[PDB]
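Q: Experimental structure and sequence below.
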There are 4 protein chains.
Amino acid sequence: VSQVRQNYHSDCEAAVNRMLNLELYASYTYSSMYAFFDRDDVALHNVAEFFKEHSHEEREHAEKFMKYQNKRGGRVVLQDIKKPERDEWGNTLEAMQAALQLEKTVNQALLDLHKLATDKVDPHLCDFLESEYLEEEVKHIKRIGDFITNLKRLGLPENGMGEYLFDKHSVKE
Amino acid sequence: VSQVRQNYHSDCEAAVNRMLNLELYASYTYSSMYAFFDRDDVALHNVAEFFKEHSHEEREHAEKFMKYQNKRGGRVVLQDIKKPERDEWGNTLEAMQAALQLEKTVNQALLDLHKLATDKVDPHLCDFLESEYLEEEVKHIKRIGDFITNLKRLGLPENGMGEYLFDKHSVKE
Amino acid sequence: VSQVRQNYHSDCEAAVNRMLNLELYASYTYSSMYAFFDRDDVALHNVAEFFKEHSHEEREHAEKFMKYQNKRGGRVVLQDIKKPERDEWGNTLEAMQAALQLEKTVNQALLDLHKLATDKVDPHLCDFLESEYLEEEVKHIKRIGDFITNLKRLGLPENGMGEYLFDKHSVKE
Amino acid sequence: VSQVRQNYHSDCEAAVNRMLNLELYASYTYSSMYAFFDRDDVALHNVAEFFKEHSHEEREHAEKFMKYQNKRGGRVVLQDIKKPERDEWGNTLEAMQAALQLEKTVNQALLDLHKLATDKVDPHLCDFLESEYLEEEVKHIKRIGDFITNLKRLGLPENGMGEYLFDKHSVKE
Ligand SMILES: [Cl-]
Ligand SMILES: [Cl-]
Ligand SMILES: [Cl-]
Ligand SMILES: [Cl-]
Ligand SMILES: [Cl-]
Ligand SMILES: [Cl-]
Ligand SMILES: [Cl-]
Ligand SMILES: [Cl-]
Ligand SMILES: [Cl-]
Ligand SMILES: [Cl-]
Ligand SMILES: [Cl-]
Ligand SMILES: [Cl-]
Ligand SMILES: [Cl-]
Ligand SMILES: [Cl-]
Ligand SMILES: [Co+2]
Ligand SMILES: [Co+2]
Ligand SMILES: [Co+2]
Ligand SMILES: [Co+2]
Ligand SMILES: [Co+2]
Ligand SMILES: [Co+2]
Ligand SMILES: [Co+2]
Ligand SMILES: [Co+2]
Ligand SMILES: [Co+2]
Ligand SMILES: [Co+2]
Ligand SMILES: [Co+2]
Ligand SMILES: [Co+2]
Ligand SMILES: [Co+2]
Ligand SMILES: [Co+2]
Ligand SMILES: [Co+2]
Ligand SMILES: [Co+2]
Ligand SMILES: [Co+2]
Ligand SMILES: [Co+2]
Ligand SMILES: [Co+2]
Ligand SMILES: [Mg+2]
Ligand SMILES: [Mg+2]
Ligand SMILES: [Mg+2]
Ligand SMILES: [Mg+2]
Ligand SMILES: [Mg+2]
Ligand SMILES: [Mg+2]
Ligand SMILES: [Mg+2]
Ligand SMILES: [Mg+2]
Ligand SMILES: [Mg+2]
Ligand SMILES: [Mg+2]
Ligand SMILES: [Mg+2]
Ligand SMILES: [Mg+2]
Ligand SMILES: [Mg+2]
Ligand SMILES: [Mg+2]
Ligand SMILES: [Mg+2]
Ligand SMILES: [Mg+2]
Ligand SMILES: [Mg+2]
Ligand SMILES: [Mg+2]
Ligand SMILES: [Mg+2]
Ligand SMILES: [Mg+2]
């Protein structure tokens, strides 16, 4: 084993690699959303830029797992980054609904990793998850839920004026 | 009696303690409104922050009565702060209507205290009320009434787009 | 359930609401202490301002629980804020002794909530408690204990000169 | 009558002149206290300077009544400024006790003038009293009472060390 490795279970190492792939998957889905909202026949630029920012964030989340793996003496093992589930995202409401589920999927995986870390008596990995990931997920989920609420209030999906207003007044940088 | 006490009727002292409790009650009701508008299924953040600010104001109003009581040689006597009348506040219109009635209840109590102070020939307490409270109440009542007018114009309670517009254009910090 | 809610047990949600009430209760007790030490026949202003500051802190602690509840998709439910146990607080020693017990009551409730969160496998709530509350409690308890030690050294309750010296040299802003 | 005079009763004009004399009397008493505490066999300089400051304040209070009288079209009529009741003031406690009674005498006279003004339906004179005098009296009375409390706590009159400590830690500029 690595000279640095101490109290780091094989199962946690593998789970970190799986998590990294999921972060990368989330990044790629948000890129798809960005591109959709930048289409000339969609054209909700502030929405698009929100998704772009989230794509970037998720990619940083992935980088931080790679660094974590090496710090603990584990070995980064990459897998294919699967393409997003959809090619087209309907409208701002549908996209936000998809983003909420994505975030909850990410969160569940983080929570599962934390439970594994707990089981294996790995306080360092717990702390990393709690300090760098779990609160950010709560924040994202809350923000997106709040957006959904507003989109529904604004009459989505039918009310185009409402969709326009949201893009112009909600999606603050 | 206190060495400082001069021209301060027992009835005014007691009425000051009652008023203090009412200020605290008002603060707590506005906190409830804040929390309601911060819910993920409500999500009107600027509305929420308006109520939060008013909660803070009312708590300062209470502190100022405590200081006043001691300055005059009276004794602060606290009672339970009753929970707000509702757990849920419907929508921005219903909440603003409740806030208007709350402010008018506060104002009536202030006016009643002023009449007591007058009756007891206490110019100092009159002046305090006039200089620190009565004008602020008029301002609040006016602001909230103006909001109600606008909320009705915007189609509340039914018109969700109108509610959204209000949150984004009216509730200035 | 709320669209945001994920891994948040009903029991934890209720316990958060109870905790919030206790923070508010602590705030109100410290306000009472402030008012007592501001009395003309007590007149220990720096002591009074220490308690005032703690009142404000506790109220901020309460606000942070309200925000936490909403972030997790729970629902804030308020109860009456009970009046403090005493109307009068004796002297600086008695008050500090009461404040120590108050802080320990708060701490015990936080520790109990953490144990519940642990039992329910809620790392997010653990982290919140550990990062925002538990260390602050240790600090407060230590500070107040240190004050008690000094008050006893200074001859409280009998030694008025000692009480005066404490107010003028210990209770630093 | 003066060309400016409007709604100004002869009784109020005379009462203003009496009040002015009382302000001047208060000033002169505080000067006496200053001189006593500056004696080489008393030597409590910070105490002395507190009284000096109050002497100056009272003299400004008198000036403001003179200006008020002329503004309303009354005529300033001066009387002798009587010497203070004592030549010697004992100690810091005795002096503060005398200052408390002096302030309460001043306050009573102000309150009496306000009642006269009320009776004569003179809102301008009411307002002047409330805005320029009555709150300052409450503040002074409170401050001095607080000092008395502390002086008693410190063991006055017998405890010279306590008197010294008060001069060095209480009588802030
Ligand atoms: Cl290992
Ligand atoms: Cl598709
Ligand atoms: Cl985080
Ligand atoms: Cl706009
Ligand atoms: Cl009285
Ligand atoms: Cl309700
Ligand atoms: Cl006002
Ligand atoms: Cl849940
Ligand atoms: Cl009691
Ligand atoms: Cl902490
Ligand atoms: Cl010192
Ligand atoms: Cl006239
Ligand atoms: Cl004499
Ligand atoms: Cl004044
Ligand atoms: Co752009
Ligand atoms: Co992520
Ligand atoms: Co990067
Ligand atoms: Co983020
Ligand atoms: Co905000
Ligand atoms: Co108020
Ligand atoms: Co405050
Ligand atoms: Co008046
Ligand atoms: Co205001
Ligand atoms: Co202060
Ligand atoms: Co607290
Ligand atoms: Co606050
Ligand atoms: Co931690
Ligand atoms: Co603290
Ligand atoms: Co000097
Ligand atoms: Co004066
Ligand atoms: Co001058
Ligand atoms: Co006035
Ligand atoms: Co003054
Ligand atoms: Mg090797
Ligand atoms: Mg392995
Ligand atoms: Mg933009
Ligand atoms: Mg495929
Ligand atoms: Mg954190
Ligand atoms: Mg007494
Ligand atoms: Mg009474
Ligand atoms: Mg805002
Ligand atoms: Mg009840
Ligand atoms: Mg005014
Ligand atoms: Mg729902
Ligand atoms: Mg439940
Ligand atoms: Mg201080
Ligand atoms: Mg009770
Ligand atoms: Mg910490
Ligand atoms: Mg003429
Ligand atoms: Mg005349
Ligand atoms: Mg000095
Ligand atoms: Mg004579
Ligand atoms: Mg004033």
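A: Right, received. Where do you want to start? Numbers count the residues shown, from 1 in each chain, chains lettered A, B, ... in the order given. Ligands and ions are numbered 1, 2, ... in the order given.
Q: which residues does the closest residue to ligand 13 within chain A contact?
A: Residue nearest to ligand 13 within chain A: residue A:135 (72.6 Å; CB to the ion). All C-beta atoms are positioned from the backbone trio N, CA, C, and that covers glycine. The contact partners of residue A:135, taken as CB atoms under 8 Å, 6 or more residues apart in numbering or on different chains, are C:124, C:127, C:128.
Q: so, if you compare the residues you listed, which one comes nearest to ligand 25?
A: Closest approach between the contacts of residue A:135 and ligand 25, by CB to the ion: residue C:128, at 13.1 Å.
Q: Now do the host helix or strand of that closest one: which elements does it pack against?
A: Remark: residue C:128 resides in helix C:123-129, with elements defined by DSSP states H and E. With contacts taken as 3 or more CB pairs under 8 Å, 6 or more residues apart in numbering or on different chains; DSSP states H and E, helix C:123-129 sits against helix A:92-119, helix A:135-153, helix C:45-72, helix C:92-119.
Q: how does it look with 6 Å?
A: helix C:92-119 (3 or more CB pairs under 6 Å, 6 or more residues apart in numbering or on different chains; DSSP states H and E).
Q: In the helix it packs on, which of the residues would be classed as buried?
A: C:92-93, C:95-100, C:102-103, C:106-107, C:109-110, C:113-114, C:116-117 (16 or more other CB atoms under 10 Å in any protein chain shown).
Q: same thing with stretch A:39-48?
A: Under 16+ other CB under 10 Å, the buried positions of stretch A:39-48 are A:42, A:44, A:46, A:47, A:48.
Q: how close does the residue nearest to residue A:82 when sequence neighbours are not counted get to residue A:48?
A: Closest residue to residue A:82 apart from its sequence neighbours, by CB to CB, 6 or more residues apart in numbering or on different chains: residue A:25 at 5.9 Å. Distance check for residue A:25 against residue A:48: by CB to CB, to the nearest Å, it reads 20 Å.
Q: Now do the contacts for whichever residue of chain A sits closest to ligand 16.
A: Residue nearest to ligand 16 within chain A (CB to the ion): residue A:61, separated by 3.5 Å. Listed by CB atoms under 6 Å, 6 or more residues apart in numbering or on different chains, the contact partners of residue A:61 are residue A:23.
Q: what phi and what psi does the backbone show at residue A:9?
A: Residue A:9 has phi and psi values of phi -70, psi 140 when expressed as degrees, to the nearest 10.
Q: I'd say it and residue A:121 touch.
A: No - counting by CB atoms under 6 Å, residue A:9 stays clear of residue A:121, with 8.7 Å between them.
Q: quick one, which of those two is more surrounded?
A: residue A:9 (16 against 10; other CB atoms under 10 Å in any protein chain shown).
Q: Setting the sequence-adjacent residues aside, check what's closest to that one.
A: Nearest to residue A:9 is residue A:120, by CB to CB, 6+ apart, at 4.3 Å.
Q: distance of the one you found from chain B?
A: Residue A:120 sits 34 Å away from chain B, going by CB to the nearest CB, to the nearest Å.
Q: Who are the contact partners of residue A:55?
A: Taking CB under 6 Å, 6+ apart, we find residue A:55 in contact with A:27, A:30, A:31.
Q: Only the buried residues of the strand or helix carrying the second one, if you could.
A: Read that as residue A:30. Assigned by DSSP H and E, residue A:30 belongs to helix A:10-37. Neighbour counts over helix A:10-37 (16+ other CB under 10 Å) mark A:12-13, A:15-17, A:19-37 as buried.
Q: Pull the number of nearby residues for residue A:68.
A: 19.
Q: can you check residue A:156 too?
A: Neighbour number of residue A:156 under other CB under 10 Å is 20.
Q: and what of residue A:7?
A: So residue A:7, with other CB under 10 Å, has 12 neighbours.
Q: Secondary structure element for it, which one?
A: Using DSSP H and E, no helix or strand contains residue A:7.
Q: Now it: phi and psi?
A: Per-residue torsions, residue A:7: phi 60, psi 40 (degrees, to the nearest 10).
Q: try residue A:38
A: Dihedral angles for residue A:38 - degrees, to the nearest 10 - are phi -90, psi -10.
Q: got a list of what the closest residue to it other than its chain neighbours touches?
A: Using CB to CB, 6+ apart and skipping residues adjacent in sequence, the residue nearest residue A:38 is residue A:48, 4.6 Å away. Residues in contact with residue A:48, defined by CB under 6 Å, 6+ apart, are A:34, A:37, A:38.
Q: I'd like the distance between residue A:48 and residue A:37.
A: 4 Å.
Q: Kindly report the same for residue A:115.
A: Taking CB to CB, one finds residue A:115 at 36 Å from residue A:37.
Q: what does residue A:172 give?
A: From residue A:172 to residue A:37 the distance is 16 Å (CB to CB).
Q: for residue A:43, same thing?
A: Distance, residue A:43 to residue A:37, by CB to CB: 8 Å.
Q: Is stretch A:9-25 positioned near ligand 18?
A: No - using CB under 5 Å from the ion, stretch A:9-25 stays clear of ligand 18, coming no nearer than 12.1 Å.
Q: do that stretch and ligand 1 meet?
A: No - Stretch A:9-25 lies out of reach of ligand 1 by CB under 5 Å from the ion, never closer than 6.9 Å.
Q: Which residues of chain A lie near chain C?
A: Selection of chain A residues close to chain C by CB under 6 Å from any CB of the partner chain yields A:104, A:107, A:111, A:114, A:130, A:134, A:138, A:141, A:142, A:145.
Q: Take those and write them to CSV, including distance to ligand 18.
A: Shown next, in CSV, are the residues of chain A next to chain C (distance: CB to the ion, whole Å):
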residue, distance to ligand 18
A:104, 15
A:107, 12
A:111, 17
A:114, 18
A:130, 16
A:134, 12
A:138, 10
A:141, 11
A:142, 11
A:145, 14
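Q: how many neighbours does the closest residue to residue A:13 other than its chain neighbours have?
A: Leaving aside its chain neighbours, residue A:13 sits nearest to residue A:74 (3.8 Å; criterion: CB to CB, 6+ apart). Per other CB under 10 Å, the neighbour tally for residue A:74 reads 22.
Q: before we move on, what about residue A:80?
A: Number of residues near residue A:80 (other CB under 10 Å) recorded here: 8.
Q: Against ligand 30, how distant is it?
A: Using CB to the ion, to the nearest Å, we find residue A:80 at a distance of 87 Å from ligand 30.
Q: Am I right that that residue falls within a helix?
A: No - counting by DSSP: H, G, I helix; E, B strand; the rest coil, residue A:80 falls outside a helix, being coil.
Q: List the contacts of it.
A: Contacts for residue A:80 (CB under 6 Å, 6+ apart) come out as none.
Q: And it, how close does it get to residue A:25?
A: Distance, residue A:80 to residue A:25, using CB to CB: 10 Å.
Q: Likewise for residue A:146?
A: Taking CB to CB, one finds residue A:146 at 24 Å from residue A:25.
Q: give me the residue from chain A nearest ligand 8.
A: Counting by CB to the ion, chain A gets nearest ligand 8 through residue A:104, at 10.4 Å.
Q: Chain neighbours aside, what residue packs nearest to that residue?
A: The shortest distance from residue A:104 to any non-neighbouring residue, by CB to CB, 6+ apart, is to residue C:6 (5.6 Å).
Q: Equivalent analysis for residue A:152, please.
A: The spatial neighbour of residue A:152 that comes closest, neighbours along the chain excluded (CB to CB, 6+ apart), is residue A:93 at 7.1 Å.
Q: give the contact list for that neighbour.
A: Contacts of residue A:93 by CB under 6 Å, 6+ apart are A:151, A:156, A:157.
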